[PDB]
Each structure stands twice: as structure tokens, then as C-alpha cells.
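Shown below: my_file39.txt, with compact mmCIF, C-alpha atoms and all ligand atoms.
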```
# COMPACT_ATOMS: atom_id res chain seq x y z
CA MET L 1 -18.71 -2.39 -13.51
CA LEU L 2 -16.81 -1.67 -16.78
CA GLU L 3 -13.27 -0.38 -17.44
CA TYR L 4 -11.34 -0.04 -20.69
CA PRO L 5 -7.89 -1.39 -21.61
CA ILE L 6 -4.85 0.51 -22.86
CA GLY L 7 -2.97 -2.12 -24.87
CA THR L 8 -2.15 -5.41 -23.10
CA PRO L 9 -0.36 -5.92 -19.78
CA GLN L 10 3.42 -6.19 -19.59
CA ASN L 11 5.38 -8.40 -17.20
CA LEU L 12 8.55 -6.88 -15.73
CA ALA L 13 10.54 -7.39 -12.50
CA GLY L 14 8.13 -9.96 -11.04
CA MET L 15 5.07 -7.73 -11.64
CA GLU L 16 2.22 -7.41 -14.09
CA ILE L 17 1.94 -3.79 -15.29
CA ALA L 18 -1.45 -3.01 -16.86
CA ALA L 19 -2.92 0.29 -18.07
CA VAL L 20 -6.64 0.87 -17.99
CA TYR L 21 -9.08 3.75 -17.82
CA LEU L 22 -12.66 4.49 -16.75
CA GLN L 23 -14.82 7.55 -16.22
CA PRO L 24 -13.40 10.35 -14.00
CA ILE L 25 -13.82 9.57 -10.29
CA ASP L 26 -14.24 11.49 -7.01
CA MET L 27 -11.85 10.86 -4.12
CA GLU L 28 -11.45 11.51 -0.36
CA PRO L 29 -9.51 13.70 0.41
CA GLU L 30 -11.44 16.04 -1.85
CA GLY L 31 -9.70 18.66 -4.03
CA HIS L 32 -6.62 16.57 -5.00
CA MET L 33 -7.82 14.92 -8.24
CA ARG L 34 -8.67 17.18 -11.18
CA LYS L 35 -12.45 17.81 -11.03
CA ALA L 36 -14.45 15.02 -12.71
CA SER L 37 -16.36 17.75 -14.70
CA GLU L 38 -12.98 19.02 -16.09
CA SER L 39 -11.68 15.51 -16.97
CA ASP L 40 -12.24 12.93 -19.69
CA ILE L 41 -11.05 9.73 -17.96
CA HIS L 42 -9.54 8.29 -14.80
CA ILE L 43 -6.32 6.59 -15.96
CA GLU L 44 -4.81 3.80 -13.87
CA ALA L 45 -1.80 1.67 -13.43
CA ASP L 46 -2.81 -1.83 -12.23
CA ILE L 47 0.29 -3.44 -10.71
CA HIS L 48 0.20 -6.87 -9.14
CA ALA L 49 2.80 -9.48 -8.21
CA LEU L 50 3.53 -12.43 -10.46
CA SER L 51 4.42 -15.91 -9.15
CA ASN L 52 7.82 -16.11 -7.33
CA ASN L 53 7.95 -12.27 -7.02
CA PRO L 54 11.51 -11.41 -5.84
CA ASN L 55 10.40 -8.85 -3.26
CA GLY L 56 8.22 -11.23 -1.23
CA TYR L 57 4.76 -10.49 -2.56
CA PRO L 58 2.35 -13.40 -2.93
CA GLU L 59 1.05 -13.85 -6.50
CA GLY L 60 -1.82 -11.46 -7.23
CA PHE L 61 -1.07 -9.00 -4.40
CA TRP L 62 -1.23 -5.32 -5.20
CA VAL L 63 2.28 -3.82 -5.15
CA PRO L 64 2.10 -0.87 -2.70
CA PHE L 65 4.21 2.29 -2.05
CA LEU L 66 5.15 2.82 -5.71
CA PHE L 67 5.34 6.23 -7.35
CA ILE L 68 4.12 6.44 -10.94
CA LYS L 69 4.56 9.31 -13.36
CA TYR L 70 2.75 9.31 -16.71
CA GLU L 71 3.11 10.97 -20.08
CA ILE L 72 0.29 10.76 -22.66
CA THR L 73 1.11 12.00 -26.19
CA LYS L 74 -1.37 12.48 -29.02
CA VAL L 75 0.05 10.95 -32.23
CA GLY L 76 0.32 13.78 -34.78
CA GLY L 77 -1.09 16.30 -32.28
CA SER L 78 -0.23 20.04 -32.05
CA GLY L 79 -0.62 19.99 -28.25
CA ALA L 80 1.99 19.50 -25.52
CA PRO L 81 2.19 16.00 -23.92
CA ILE L 82 -0.22 15.42 -21.00
CA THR L 83 1.72 14.64 -17.82
CA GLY L 84 1.04 13.93 -14.20
CA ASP L 85 1.81 12.00 -11.02
CA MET L 86 -0.66 9.27 -10.03
CA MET L 87 -1.95 8.68 -6.51
CA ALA L 88 -2.60 5.40 -4.74
CA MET L 89 -6.28 4.90 -3.76
CA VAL L 90 -8.91 2.28 -3.08
CA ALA L 91 -12.10 1.67 -5.09
CA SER L 92 -14.90 -0.91 -4.84
CA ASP L 93 -12.70 -3.40 -6.76
CA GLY L 94 -9.60 -2.76 -4.60
CA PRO L 95 -6.49 -0.53 -4.67
CA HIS L 96 -5.04 1.15 -7.78
CA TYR L 97 -2.71 3.96 -8.82
CA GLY L 98 -4.69 6.54 -10.77
CA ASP L 99 -5.36 10.10 -11.84
CA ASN L 100 -8.18 12.10 -13.48
CA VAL L 101 -6.98 13.30 -16.92
CA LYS L 102 -8.17 15.70 -19.60
CA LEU L 103 -7.21 14.43 -23.07
CA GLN L 104 -6.79 16.32 -26.41
CA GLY L 105 -9.67 14.86 -28.38
CA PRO L 106 -10.19 11.61 -30.28
CA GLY L 107 -7.22 9.83 -31.81
CA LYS L 108 -4.22 7.61 -31.20
CA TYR L 109 -2.24 8.14 -28.07
CA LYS L 110 1.06 6.94 -26.71
CA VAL L 111 0.92 6.22 -22.93
CA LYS L 112 4.18 5.96 -20.94
CA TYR L 113 4.38 5.15 -17.22
CA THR L 114 7.62 5.57 -15.22
CA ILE L 115 7.51 3.37 -12.11
CA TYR L 116 9.67 4.13 -9.10
CA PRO L 117 10.39 1.59 -6.37
CA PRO L 118 9.76 2.29 -2.66
CA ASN L 119 13.43 3.12 -2.00
CA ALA L 120 13.78 5.76 -4.76
CA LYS L 121 14.66 9.23 -3.52
CA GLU L 122 12.13 10.62 -6.08
CA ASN L 123 9.28 8.60 -4.52
CA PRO L 124 7.60 10.47 -1.61
CA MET L 125 6.33 7.20 -0.17
CA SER L 126 9.89 5.82 0.30
CA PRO L 127 10.24 7.17 3.90
CA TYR L 128 7.26 4.99 4.91
CA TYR L 129 8.25 1.54 3.70
CA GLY L 130 10.97 -1.01 4.37
CA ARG L 131 12.31 -4.31 3.12
CA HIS L 132 13.64 -7.14 5.33
CA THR L 133 17.28 -8.04 4.59
CA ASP L 134 18.05 -10.69 7.25
CA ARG L 135 18.73 -14.25 6.11
CA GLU L 136 15.55 -15.95 7.34
CA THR L 137 12.93 -13.36 6.31
CA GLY L 138 14.73 -11.12 3.81
CA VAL L 139 13.91 -10.57 0.15
CA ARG L 140 15.82 -9.51 -2.95
CA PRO L 141 16.66 -5.83 -3.60
CA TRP L 142 14.06 -3.52 -5.06
CA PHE L 143 13.84 -3.21 -8.84
CA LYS L 144 15.32 -0.07 -10.44
CA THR L 145 13.06 2.68 -11.84
CA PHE L 146 11.76 1.73 -15.27
CA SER L 147 9.27 2.77 -17.86
CA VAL L 148 6.58 0.95 -19.89
CA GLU L 149 4.71 2.21 -22.92
CA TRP L 150 1.54 1.37 -24.85
CA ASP L 151 -0.35 2.81 -27.80
CA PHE L 152 -4.16 3.01 -27.80
CA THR L 153 -6.94 4.70 -29.74
CA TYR L 154 -9.37 6.86 -27.87
CA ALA L 155 -12.41 7.57 -30.07
CA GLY L 156 -16.19 7.37 -30.13
CA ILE L 157 -19.47 9.15 -29.37
CA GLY L 158 -19.55 7.21 -26.05
CA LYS L 159 -16.04 8.46 -25.07
CA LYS L 160 -15.94 11.72 -23.07
CA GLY L 161 -13.82 14.15 -25.14
CA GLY L 162 -13.44 11.42 -27.77
CA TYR L 163 -15.79 12.77 -30.44
CA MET Z 1 12.57 -19.66 12.20
CA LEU Z 2 9.44 -19.65 14.33
CA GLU Z 3 6.67 -17.04 14.03
CA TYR Z 4 5.18 -16.96 17.54
CA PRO Z 5 1.56 -16.01 18.10
CA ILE Z 6 0.35 -13.24 20.40
CA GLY Z 7 -3.15 -14.47 21.30
CA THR Z 8 -5.71 -15.16 18.57
CA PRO Z 9 -6.73 -12.78 15.76
CA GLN Z 10 -9.63 -10.34 16.29
CA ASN Z 11 -12.05 -9.17 13.56
CA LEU Z 12 -13.22 -5.55 13.35
CA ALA Z 13 -14.38 -3.18 10.64
CA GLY Z 14 -14.04 -5.80 7.89
CA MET Z 15 -10.45 -6.67 8.81
CA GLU Z 16 -8.60 -9.40 10.64
CA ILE Z 17 -6.09 -7.98 13.14
CA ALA Z 18 -3.46 -10.46 14.25
CA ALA Z 19 -0.33 -10.09 16.39
CA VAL Z 20 2.83 -12.25 16.04
CA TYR Z 21 6.52 -11.96 16.78
CA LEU Z 22 9.81 -13.46 15.67
CA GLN Z 23 13.52 -12.82 16.15
CA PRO Z 24 14.72 -9.22 15.45
CA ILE Z 25 15.16 -8.41 11.76
CA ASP Z 26 17.42 -6.22 9.60
CA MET Z 27 15.77 -3.75 7.21
CA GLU Z 28 16.52 -1.41 4.30
CA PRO Z 29 16.61 1.55 4.99
CA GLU Z 30 19.11 1.00 7.83
CA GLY Z 31 18.95 3.11 10.98
CA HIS Z 32 15.13 2.99 11.40
CA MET Z 33 14.70 -0.34 13.22
CA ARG Z 34 16.44 -0.67 16.57
CA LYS Z 35 19.59 -2.78 15.97
CA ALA Z 36 18.85 -6.52 16.00
CA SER Z 37 21.72 -6.99 18.51
CA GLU Z 38 19.95 -4.52 20.88
CA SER Z 39 16.49 -6.13 20.48
CA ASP Z 40 14.66 -9.21 21.72
CA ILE Z 41 11.90 -9.59 19.10
CA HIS Z 42 10.41 -8.22 15.92
CA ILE Z 43 6.71 -7.64 16.68
CA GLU Z 44 4.19 -7.54 13.79
CA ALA Z 45 0.62 -6.42 13.16
CA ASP Z 46 -0.90 -8.59 10.43
CA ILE Z 47 -3.96 -6.87 8.99
CA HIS Z 48 -5.93 -8.36 6.11
CA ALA Z 49 -9.37 -7.82 4.62
CA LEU Z 50 -12.27 -10.08 5.48
CA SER Z 51 -15.10 -10.91 3.05
CA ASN Z 52 -17.35 -7.91 2.14
CA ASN Z 53 -14.70 -5.43 3.42
CA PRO Z 54 -16.42 -1.99 3.45
CA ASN Z 55 -13.44 -0.11 2.02
CA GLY Z 56 -13.22 -2.15 -1.19
CA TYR Z 57 -10.45 -4.61 -0.39
CA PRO Z 58 -10.77 -8.12 -1.78
CA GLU Z 59 -10.81 -10.85 0.90
CA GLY Z 60 -7.26 -11.70 2.05
CA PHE Z 61 -5.60 -8.53 0.77
CA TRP Z 62 -3.14 -6.74 3.02
CA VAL Z 63 -4.67 -3.47 4.25
CA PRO Z 64 -2.09 -0.82 3.27
CA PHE Z 65 -1.20 2.72 4.40
CA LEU Z 66 -2.33 2.20 8.02
CA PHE Z 67 -0.33 3.54 10.97
CA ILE Z 68 0.01 1.35 14.05
CA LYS Z 69 1.18 2.32 17.52
CA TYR Z 70 1.91 -0.30 20.14
CA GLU Z 71 2.14 -0.48 23.96
CA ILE Z 72 3.70 -3.65 25.52
CA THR Z 73 3.50 -3.99 29.31
CA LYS Z 74 4.95 -6.71 31.55
CA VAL Z 75 1.84 -8.01 33.36
CA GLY Z 76 1.59 -6.84 37.01
CA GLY Z 77 5.31 -6.24 37.23
CA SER Z 78 8.06 -3.67 37.64
CA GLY Z 79 8.85 -1.73 34.48
CA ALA Z 80 7.33 1.00 32.36
CA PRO Z 81 5.18 0.20 29.31
CA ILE Z 82 7.27 -0.22 26.13
CA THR Z 83 5.88 1.95 23.34
CA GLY Z 84 6.58 2.67 19.72
CA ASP Z 85 5.31 3.06 16.21
CA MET Z 86 5.47 0.26 13.73
CA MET Z 87 6.66 0.69 10.15
CA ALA Z 88 5.20 -0.89 6.98
CA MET Z 89 7.66 -3.28 5.30
CA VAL Z 90 7.88 -6.36 3.10
CA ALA Z 91 9.40 -9.75 4.05
CA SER Z 92 9.60 -13.19 2.40
CA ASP Z 93 6.02 -13.93 3.59
CA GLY Z 94 4.67 -10.56 2.28
CA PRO Z 95 3.96 -7.12 3.73
CA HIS Z 96 3.50 -6.37 7.42
CA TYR Z 97 3.57 -3.56 9.95
CA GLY Z 98 6.39 -4.26 12.43
CA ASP Z 99 9.11 -3.07 14.79
CA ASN Z 100 12.18 -4.41 16.60
CA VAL Z 101 11.60 -4.26 20.38
CA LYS Z 102 13.67 -4.76 23.53
CA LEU Z 103 11.58 -6.45 26.25
CA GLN Z 104 12.09 -6.72 30.05
CA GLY Z 105 12.92 -10.43 30.34
CA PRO Z 106 10.79 -13.61 30.27
CA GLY Z 107 7.21 -13.48 31.49
CA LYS Z 108 3.69 -12.45 30.56
CA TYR Z 109 3.11 -9.24 28.59
CA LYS Z 110 0.04 -7.28 27.49
CA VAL Z 111 0.22 -6.11 23.87
CA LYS Z 112 -2.06 -3.29 22.68
CA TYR Z 113 -2.16 -2.00 19.12
CA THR Z 114 -3.85 1.31 18.18
CA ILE Z 115 -4.69 1.28 14.45
CA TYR Z 116 -5.06 4.54 12.56
CA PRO Z 117 -6.87 4.75 9.23
CA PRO Z 118 -5.26 6.43 6.17
CA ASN Z 119 -7.18 9.69 6.80
CA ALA Z 120 -6.27 10.04 10.54
CA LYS Z 121 -4.37 13.20 11.40
CA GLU Z 122 -1.73 11.05 13.14
CA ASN Z 123 -1.18 8.87 10.03
CA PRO Z 124 1.68 10.39 7.99
CA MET Z 125 0.55 8.62 4.87
CA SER Z 126 -2.72 10.69 4.72
CA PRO Z 127 -1.37 12.94 1.85
CA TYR Z 128 -0.54 9.80 -0.22
CA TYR Z 129 -3.65 7.60 -0.19
CA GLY Z 130 -7.22 8.10 -1.28
CA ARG Z 131 -10.61 6.45 -1.30
CA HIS Z 132 -13.09 6.65 -4.20
CA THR Z 133 -16.38 8.33 -3.23
CA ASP Z 134 -18.32 8.50 -6.52
CA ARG Z 135 -21.48 6.41 -6.81
CA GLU Z 136 -20.23 3.83 -9.33
CA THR Z 137 -16.81 3.01 -7.85
CA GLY Z 138 -16.88 4.45 -4.33
CA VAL Z 139 -16.54 2.65 -1.03
CA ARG Z 140 -17.68 3.26 2.55
CA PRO Z 141 -15.85 5.72 4.83
CA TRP Z 142 -12.68 4.73 6.63
CA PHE Z 143 -13.00 3.12 10.06
CA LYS Z 144 -12.21 5.32 13.08
CA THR Z 145 -8.98 4.75 15.05
CA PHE Z 146 -9.34 1.82 17.47
CA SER Z 147 -7.35 -0.44 19.75
CA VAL Z 148 -7.05 -4.20 20.19
CA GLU Z 149 -5.29 -6.02 23.02
CA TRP Z 150 -3.89 -9.47 23.76
CA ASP Z 151 -1.37 -11.04 26.05
CA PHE Z 152 1.37 -13.58 25.55
CA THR Z 153 4.13 -15.33 27.45
CA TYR Z 154 7.66 -14.47 26.34
CA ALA Z 155 10.07 -17.37 26.98
CA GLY Z 156 13.13 -15.99 25.18
NA NA L 201 14.26 5.85 3.16
NA NA L 202 -6.29 -13.78 22.34
NA NA L 203 -13.30 -10.37 17.03
NA NA L 204 20.00 0.76 3.99
NA NA L 205 2.11 -16.90 24.45
```
How would this structure read if it were set down as C-alpha cells?
Amino acid sequence: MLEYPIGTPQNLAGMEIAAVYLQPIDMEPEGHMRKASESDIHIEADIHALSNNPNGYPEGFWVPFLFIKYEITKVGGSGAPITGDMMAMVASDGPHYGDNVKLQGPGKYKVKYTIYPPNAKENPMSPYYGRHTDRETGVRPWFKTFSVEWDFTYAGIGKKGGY
Amino acid sequence: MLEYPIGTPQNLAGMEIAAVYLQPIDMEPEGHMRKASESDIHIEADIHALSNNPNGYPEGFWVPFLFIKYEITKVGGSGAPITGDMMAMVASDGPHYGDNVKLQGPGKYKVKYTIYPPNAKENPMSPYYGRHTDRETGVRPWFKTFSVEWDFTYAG
């Protein structure tokens, strides 16, 4: 299969944060993603643990229970920024955070993700996850909410809504 | 600290399901686990993907967003079954499903886990996790809720 990069990955708080996209997808439960026919891409946040991750994840593990908001802005565009809240889901290549998105035509875009840890009050998955704190099996505190940004160009006859 | 085994792992639906226990733990957020001072063990369900997992997980990945109920019963003895729901959490050896439990003294116990997929009506994480279904990136349907059982000898 093929996917497309948004910039290059960034390493922060013991994690690799990468932005990628592919064609719009379909998901179970149905009717939660924007319809694939009304979208240009499926945008994703690919988040995996680095070596010696402070929260106990082995290197390469997917980091679960995060909440990710995104803002996509067209450089020099007359449109309002594109925003949304990703959802965690599994595909044939494993779990991701993603969302189906409709863009504003070909051009340069700024992409900003805001990543919330699993103890943030803004993260609706926080009631479902814990962290050991005892001496023998405990880990370091969760990272604080942070953002990451990339620039990328979306353009071409082979790009849906990019020509 | 020792991680004690509860039987041997069992393989179903493209996953390894293993049971272990250790001493009671402390967790953030506080007030969800039974106090460590009022518990005997921390029981865990260790669930990881096997090769060719049908739901898209690479081999060895933790299987996330499941919901696990347990029933622990002192074998052929006085006492009611001990029941509860585990919680997903991370520790220094990675993520698990687990719970602090008070037992009924040394002896043999049956341990049964009932494992609910992300789309089960009993799984509270159903509004928060999806599965791709399109032809190019989709995976097979979720497994149906099932149980696995073992026994172990608690020494203290
Ligand atoms: Na909480
Ligand atoms: Na066994
Ligand atoms: Na088996
Ligand atoms: Na706490
Ligand atoms: Na045993």
C-alpha cells in the first residue's frame, strides 16, 4: 500500500510524531468519519514510542489513549482553517489516529496537531486509562499537552481536490 | 519483584491471552484501584497480537481498547466468586489490563477472563475506537466476546 508524508517526523517527549495522509477511508462504526465521497484525504497522526520512553512503552509501540486535535491552514487562502478531532482506529498496517478531511484546493498548507495525554481533562479517553506509580512497576508522569506543526504542498492531477 | 504466572497462555482469534499477577500496585488516577494495603495481588490480562492477526495488528503489539471482566473462585471451597472489571494502564514493562484484588487466603483458585471487543455494547470504549472497512486498508471484523480460564496456586 502507499501513503504520503506531511513533512518529516518530530521527536518529542519520548515519542516519534509523524503526519501522513492517504485516500479517504471507511470505518466501523459507520457514520462517524466524514463520508469518503465528501473528503479529499484521510489525515493521520502516527505516534510511536522511542527508545527509553519515560512512560513505559517499549520502542516502536503505538502510544494509545491520546486525544489529537488538528488545524490545517491554506497558505494565502481566503477560507477558514480546517479543524477537527481525530479518532483512534485500526487498519491493515496497525493502529493510527486519523480523520477524513476535505481540503481547500491545491497549494501549501500548514498542519498543526495538538496532542493531549491520557490524564488530560480535555481528553475523553482519560477515564479509561491509568499509569502505575508504585516503586517497582511505576513510570514517569505523563507529558503535558503540546503541539507540533509541519508545512506541506498538496498539488497534482493525482491528488483528490488537488487540481 | 516477581511476576507470577496463572497457567500458560492461550491463543484465540489471532491473539495471545495470558494471565499473571504481582503485588498490588498504585495508579494515577487514584481512587480507582482498590487500595494496595487492602489487596493481595494485582492481576493482569496480557493480550498481544499473533502473526497474521485478522484485525490488522502487527505481531507482538498490545491489543488496545478491549474490556476485560474477571471471576476468581477458590477451588472447591467456601467463599463467593471474586469478580471485577480490569482497567487499561501502563507500567514499566508496558501496557496491560489489570486490577488490584483481595483474595480468600492461600490455596488453588480458578481464574476466568471474559474479553470484550471494542464494538461490544458492554465495552465503554466503543465510541472511541474504529476499524477500517474499505477494500484497500480494511481489516476483518472484530472477534465476538469470549472467555478463557486457568487455575493457579496462591501461596501469599
Ligand atoms: Na481520570
Ligand atoms: Na494453563
Ligand atoms: Na490455545
Ligand atoms: Na491521582
Ligand atoms: Na500457580
Could you tell me which residues of chain Z sit within 6 Å of chain L when counting all atoms listed in the file, and give me the result as a compact mmCIF listing (two decimals) with C-alpha atoms, keeping the file's coordinate frame?
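Result file follows (selection-v9.txt):
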```txt
# COMPACT_ATOMS: atom_id res chain seq x y z
CA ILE Z 25 15.16 -8.41 11.76
CA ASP Z 26 17.42 -6.22 9.60
CA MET Z 27 15.77 -3.75 7.21
CA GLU Z 28 16.52 -1.41 4.30
CA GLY Z 56 -13.22 -2.15 -1.19
CA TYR Z 57 -10.45 -4.61 -0.39
CA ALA Z 88 5.20 -0.89 6.98
CA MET Z 89 7.66 -3.28 5.30
CA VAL Z 90 7.88 -6.36 3.10
CA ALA Z 91 9.40 -9.75 4.05
CA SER Z 92 9.60 -13.19 2.40
CA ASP Z 93 6.02 -13.93 3.59
CA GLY Z 94 4.67 -10.56 2.28
CA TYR Z 129 -3.65 7.60 -0.19
CA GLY Z 130 -7.22 8.10 -1.28
CA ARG Z 131 -10.61 6.45 -1.30
CA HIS Z 132 -13.09 6.65 -4.20
CA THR Z 133 -16.38 8.33 -3.23
CA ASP Z 134 -18.32 8.50 -6.52
CA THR Z 137 -16.81 3.01 -7.85
CA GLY Z 138 -16.88 4.45 -4.33
CA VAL Z 139 -16.54 2.65 -1.03
```
Response to the item:
The distance between CA of residue 103 (chain Z) and CA of residue 41 (chain Z) is 7.8 Å
Wanna dump the chain Z-ligand NA 202 (chain L) contacts at 12 Å for me, each residue with its shortest atom pair and the distance in Å to one decimal, counting all atoms listed in the file, ordered by chain and number, as a tab-separated table?
```
residue	atom	partner	partner_atom	distance
Z:5	CA	L:NA202	NA	9.2
Z:6	CA	L:NA202	NA	6.9
Z:7	CA	L:NA202	NA	3.4
Z:8	CA	L:NA202	NA	4.1
Z:9	CA	L:NA202	NA	6.7
Z:10	CA	L:NA202	NA	7.7
Z:11	CA	L:NA202	NA	11.5
Z:17	CA	L:NA202	NA	10.9
Z:18	CA	L:NA202	NA	9.2
Z:19	CA	L:NA202	NA	9.2
Z:20	CA	L:NA202	NA	11.2
Z:110	CA	L:NA202	NA	10.4
Z:111	CA	L:NA202	NA	10.2
Z:112	CA	L:NA202	NA	11.3
Z:148	CA	L:NA202	NA	9.8
Z:149	CA	L:NA202	NA	7.9
Z:150	CA	L:NA202	NA	5.1
Z:151	CA	L:NA202	NA	6.7
Z:152	CA	L:NA202	NA	8.3
Z:153	CA	L:NA202	NA	11.7
```
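Interatomic distance, CA of residue 47 (chain Z) to CA of residue 123 (chain Z): 16.0 Å.
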Do a neighbour search on region 146-148 of chain L at 8 Å with all atoms listed in the file, toss out local chain neighbours closer than 3 positions, and write the hits as a PDB file with C-alpha atoms, in the coordinates of the input.
```pdb
ATOM      1  CA  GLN L  10       3.420  -6.190 -19.590  1.00  0.00           C
ATOM      2  CA  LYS L 112       4.180   5.960 -20.940  1.00  0.00           C
ATOM      3  CA  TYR L 113       4.380   5.150 -17.220  1.00  0.00           C
ATOM      4  CA  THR L 114       7.620   5.570 -15.220  1.00  0.00           C
ATOM      5  CA  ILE L 115       7.510   3.370 -12.110  1.00  0.00           C
ATOM      6  CA  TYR L 116       9.670   4.130  -9.100  1.00  0.00           C
TER       7      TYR L 116
END
```
Fill in: Given all atoms listed in the file as the counted atoms, nearest of Z:2, Z:86, Z:155, Z:68 to residue 33 (chain Z)
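For residue 33 (chain Z), the nearest of the candidates is Z:86.
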Discussion item. Measuring between only C-alpha atoms and all ligand atoms, which one of Z:87, Z:115, Z:50, Z:12 shows the shortest distance to ligand NA 201 (chain L)?
Written reply: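 Of Z:87, Z:115, Z:50, Z:12, the one nearest ligand NA 201 (chain L), counting only C-alpha atoms and all ligand atoms, is Z:87.
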Discussion item. Excluding residue 101 (chain Z) and its own-chain neighbours fewer than 6 positions away, which residues fall within 9 Å of it when counting all atoms listed in the file? Please give them as a PyMOL selection string.
Written reply: chain Z and resi 24+33-34+36+38-43+82-84
Item to complete: Calculate how many Å separate CA of residue 74 (chain Z) from CA of residue 108 (chain Z), rounding to one decimal.
Response: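 Here the two named atoms are 6.0 Å from each other.
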Worksheet item: Between Z:146, Z:65, Z:109, Z:154, which has the minimum distance to residue 124 (chain Z) (counting only C-alpha atoms)?
Response: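 The shortest atom-to-atom distance to residue 124 (chain Z) comes from Z:65.
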Hey, what's within 7 Å of residue 109 (chain L) if we count only C-alpha atoms and toss same-chain stuff fewer than 6 positions away? As a JSON list (two decimals) with C-alpha atoms, in the frame of the given file, please?
```json
[["chain", "number", "residue", "atom", "x", "y", "z"],
["L", 72, "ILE", "CA", 0.29, 10.76, -22.66],
["L", 73, "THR", "CA", 1.11, 12.00, -26.19],
["L", 74, "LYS", "CA", -1.37, 12.48, -29.02],
["L", 75, "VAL", "CA", 0.05, 10.95, -32.23],
["L", 151, "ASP", "CA", -0.35, 2.81, -27.80],
["L", 152, "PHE", "CA", -4.16, 3.01, -27.80],
["L", 153, "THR", "CA", -6.94, 4.70, -29.74]]
```
